[PDB]
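Trainee: An experimental structure, sequence included, is below.
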Amino acid sequence: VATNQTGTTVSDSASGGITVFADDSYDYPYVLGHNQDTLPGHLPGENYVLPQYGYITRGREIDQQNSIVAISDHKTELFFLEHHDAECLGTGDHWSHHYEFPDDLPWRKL
Amino acid sequence: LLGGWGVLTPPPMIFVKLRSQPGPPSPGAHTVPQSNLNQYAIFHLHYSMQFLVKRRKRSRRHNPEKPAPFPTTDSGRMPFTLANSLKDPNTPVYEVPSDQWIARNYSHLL
């Protein structure tokens, strides 16, 4: 996206890339499955803009006054996903991740 | 609720007793058995226990993680050590922490 006084002109970047990886080790806060609205729209043709990733962490939570604040002198975690093995992708690259649920799952009656 | 591991078949209770040595037998005269010879046994008790353990898989995080608090003694001296004198010269006072040491040391994502 090149912003100009002329206007915004989008143009392919042959040099761009994306960096994708999956947690098979569950080593980052697992944010899926809390029913937060990030999903593909029901309509194909409704573009799906991927949700940003964030995670809650707790400190020491003290009641100082009517308002409670977390001073964060403990139990505060900082996850740089930058530091982890990921796969640089670019125009013309295919990345797929296959996954299989446990066999132990119960049959949910319909 | 109160402790480590409930077990169906626990470590057997190991029952020990002095082999009783009775006193001189009376010629069926006063019909009161002499008390057993007073005696006591002293012995080494070897007790070894093996624990299965797993090395910690550290949460992959960028923060140094504050360790579990090191024990504190009411006395202020180092815990689990022999202190020379507490208002005596006679015997050293072994010092245990003010509060129970808890085996919980480092966070892990739940």
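Mentor: In hand now; what should we look at? Numbers count the residues shown, from 1 in each chain, chains lettered A, B, ... in the order given.

Trainee: Spatially, and excluding backbone neighbours, which residue is closest to the residue most central in space within chain A.
Mentor: Centroid-nearest residue in chain A, with Cα atoms, centre = their mean: residue A:53, separated by 3.4 Å. Spatial nearest neighbour of residue A:53, excluding adjacent residues (Cβ to Cβ, 6 or more residues apart in numbering or on different chains): residue A:31 at 6.6 Å. The way it works is simple: take the backbone N, C-alpha and C, and place the C-beta from them, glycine included.

Trainee: who's in contact with that neighbour?
Mentor: Applying Cβ atoms under 8 Å, 6 or more residues apart in numbering or on different chains, we find residue A:31 in contact with A:53-55.

Trainee: can I get these in TSV with secondary structure?
Mentor: Converted to TSV, the contacts of residue A:31 look like this (DSSP: H, G, I helix; E, B strand; the rest coil):
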residue	secondary structure
A:53	coil
A:54	coil
A:55	coil
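
Trainee: which bits of chain A sit near chain B?
Mentor: With Cβ under 8 Å from any Cβ of the partner chain as the criterion, chain A meets chain B at residues A:26-30, A:74-80, A:83-84.

Trainee: now the nearest residue to residue B:35 once chain neighbours are set aside: how far from residue A:90?
Mentor: In space, residue B:35 comes closest to residue B:23 once its chain neighbours are excluded; the distance is 6.0 Å by Cβ to Cβ, 6+ apart. According to Cβ to Cβ, to the nearest Å, residue B:23 and residue A:90 sit 98 Å apart.

Trainee: Verify the stated contact: residue A:74 with residue A:61.
Mentor: No: with contact defined as Cβ atoms under 8 Å, residue A:74 does not reach residue A:61; the gap is 9.9 Å.

Trainee: now the strands for chain B?
Mentor: In chain B, the strands defined using DSSP state E lie at B:81-83, B:93-95.

Trainee: Quick one: residues contacting residue A:79.
Mentor: Contacts of residue A:79 (Cβ under 8 Å, 6+ apart): A:28-29, A:55, B:60-62.

Trainee: Quick check: of those residues, which lies closest to residue B:84?
Mentor: Residue B:84 has its nearest neighbour among these in residue B:61, at 43.0 Å by Cβ to Cβ.

Trainee: What is the burial count for the nearest residue to that closest one once chain neighbours are set aside?
Mentor: Setting aside the residues directly before and after it, residue B:61 is nearest to residue A:77 in space (Cβ to Cβ, 6+ apart), at 4.8 Å. Using other Cβ atoms under 10 Å in any protein chain shown, residue A:77 has 17 neighbouring residues.

Trainee: any idea which element residue A:77 lies in?
Mentor: If you go by DSSP states H and E, residue A:77 is not part of any helix or strand.
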